[PDB]
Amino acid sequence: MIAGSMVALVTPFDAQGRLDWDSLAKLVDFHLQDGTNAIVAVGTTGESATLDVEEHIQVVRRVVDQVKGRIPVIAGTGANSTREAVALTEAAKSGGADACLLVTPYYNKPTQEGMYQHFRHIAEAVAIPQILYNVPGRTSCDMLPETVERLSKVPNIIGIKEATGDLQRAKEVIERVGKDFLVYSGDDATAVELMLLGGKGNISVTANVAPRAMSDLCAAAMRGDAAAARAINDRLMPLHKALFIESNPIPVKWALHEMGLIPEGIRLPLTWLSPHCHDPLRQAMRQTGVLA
């Protein structure tokens, strides 16, 4: 049941930076009410980097217990150490997640072969669906198509999150893999086109603030209605952009706080949306009707 608009959920912290379960619950009800298809908990937008292993499973567990099978809950469990990816992945599983999102090793720059062995091992170590995650703009390494196809043959690897924002690349992963290997967008601005070429969804930041509009956009795209897709899309386009004027999730939390859904909390090394960027993001929210 994993596809369409999948919010890359933020982890709300109170002013002190401590986890805030009340806000966590409203964001889930928010997405349970407005049509979100899946919730990705504790991934990049959820500030995976600055969470104890302890806070990490507890966020997975409360989203899973709150969702009650009504929607898939995918947990971020990638790490740049294969052993740790196994452990975090094992933790998500016996935690309730329906699948795990695993970013490619970042800082150590593995060879293409090392990336295959890395993911094949996790896939073989833990009985739980696993989605790959390619984002060279952060990891400083790129999983090439040939490596994806190799991985696409592995039993538990159900799909990939392509974030380069490159359509030529996406098309290329789609031509090389089976119909049963799902390709997701990791780029909010061009997700619509990825879906028209065969993609099966969007793991988005934009869905944080416009869930309903993003599931409408995905359904259209994934149903062939290229005209509705690009129309919702160009209407959302300034939010897409504004949501990135500073590294994510610095902006999305600002918005989320402005709609009264989360406290002003973020953990170092992240900062709060710096003052000079407030009004552009504010303008984009008003035009887009997410803020009045």
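A residue's number is simply how far along the shown sequence it sits, counting from 1.
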| query | finding |
| --- | --- |
| 7-15 set against 280-288, stretch whose average Cα temperature factor tops the other in the entry | 280-288 |
| 206-214 set against 176-184, stretch whose average Cα temperature factor tops the other in the entry | 176-184 |
| Highest recorded Cα temperature factor - choice among 158, 170, 85, 125 | 170 |
| Criterion, highest CA B-factor; candidates, 66, 58, 37, 48 | 58 |
| Entry-reported Cα temperature factor of residue 219, expressed as the chain third it lands in | highest |
| Ranked C-alpha temperature factor of residue 200 among modelled chain residues, by third | middle |
| Ranked C-alpha temperature factor of residue 73 among modelled chain residues, by third | lowest |
| CA B-factor placement of residue 164, once the chain's modelled residues are sorted into thirds | highest |
| Residue 148 - which third its CA temperature factor falls in, relative to the rest of the chain | middle |
